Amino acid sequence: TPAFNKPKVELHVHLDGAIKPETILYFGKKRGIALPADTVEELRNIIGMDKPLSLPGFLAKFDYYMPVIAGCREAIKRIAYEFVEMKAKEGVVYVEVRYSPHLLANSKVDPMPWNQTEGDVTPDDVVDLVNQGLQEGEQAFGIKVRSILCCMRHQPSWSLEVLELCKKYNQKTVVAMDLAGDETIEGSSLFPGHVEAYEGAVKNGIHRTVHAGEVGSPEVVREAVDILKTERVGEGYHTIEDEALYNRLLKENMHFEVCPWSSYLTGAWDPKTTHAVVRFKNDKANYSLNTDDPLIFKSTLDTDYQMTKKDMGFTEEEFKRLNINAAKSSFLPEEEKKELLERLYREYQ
């Protein structure tokens, strides 16, 4: 009994955070790379988390499996492909998947991620591989999928390249640029590489989303919006702590990419306090309900819907409304955007 058994739109999910334990297991064995377990079940209990940790502590879960995927062409395309499939089954009609092309490369990247031996999978090659998998997947499960390339807070040296990859693969799945990573890295929002990359995104008409305010303060959100010119705020829960800023974002109709389950599991949200999404729903704000990293949170899109339904009083009417807003707030070109809205309204009848 799903919380909302109707078409959905997801704008916030990490491809490298939405991998099948069976695929991880498969490639570790296949490449002879170690994993903290050799059973999907125990693989899930190590990578997985059922209790709040922290953002820095949550991010380390990737260390367990990224090494078996990164640098492997077969694996990069496969996870991209199986991702669409996972989305198709969850009832998602349109989705934007994000990831760092750099963290999956083993050539032309410095610092080499995961202590990898050089190879031929360049960062560009990664975008191409994911595009291919995503495309083959759309085709096969019939849902529309786009992608978003992440700048990493800790590695601004990579940012300007990410912008280039967005320019090159514009709408050839790549519809936007994100800034992900450890939001606690003081000043990461302001590092030159990042700033210069967004400045060029603005100048070259490349869409922009920025993770901010999940654990950072209103100023991190203020900087994303004002300095980085972000078009959407990834999560942004802490924005409501600055009534003035909140109201100005509410006025611009800023889209907040919300991830309920994720906010609890990363300790971003104090379970004793009311979720910022309650305030969002109440203020009729522009916001989507997203999954973020389902492999690590051991969840599905329904997990976040059941959470809001059961615990936050969300109705089918709010569910329909938030998704219509997610559609309007997507980085799809006008025509495809209209086509998306058309489908949702058709099905919401």
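Numbering starts at 1 and runs along the sequence shown.
Undergrad: If you average the Cα B factors in the entry, which is higher, 200 to 208 or 94 to 102?
TA: Looking at the recorded C-alpha B-factors, 200 to 208 comes out higher on average.
Undergrad: Going by the average Cα B-factor in the PDB entry, point out whether 148 to 156 or 216 to 224 comes out higher.
TA: 216 to 224 has the higher mean C-alpha B-factor.
Undergrad: Checking the entry, which one of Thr291, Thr308, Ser288, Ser54 has the top C-alpha B factor?
TA: Comparing C-alpha B-factors across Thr291, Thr308, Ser288, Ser54, the top value belongs to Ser54.
Undergrad: Choose from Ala180, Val258, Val127, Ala244 the residue with the greatest Cα B-factor as stated in the PDB record.
TA: Of the candidates given, the C-alpha B-factor peaks at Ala244.
Undergrad: Ranked by Cα temperature factor within the chain, is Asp50 in the lowest third, the middle third or the highest third?
TA: For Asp50, whose C-alpha B-factor we compare with every modelled residue in the chain, the answer is the highest third.
Undergrad: Compare the C-alpha B factor of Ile24 with those of the other modelled residues in its chain, then answer lowest, middle or highest third.
TA: Tercile = highest for this residue's CA B-factor.
Undergrad: Considering every modelled residue of the chain and its Cα B-factor in the PDB entry, is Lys6 in the lowest, middle or highest third?
TA: Within its chain, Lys6 is a highest-third residue by C-alpha B-factor, going by the deposited values.
Undergrad: Classify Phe141 as lowest, middle or highest third according to the C-alpha B-factor given in the PDB entry, relative to its own chain.
TA: CA B-factor rank for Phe141: highest third.
Undergrad: Where does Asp283 sit by CA temperature factor within its chain: lowest, middle or highest third?
TA: Lowest third - that is where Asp283 ends up once the chain's C-alpha B-factors are sorted.
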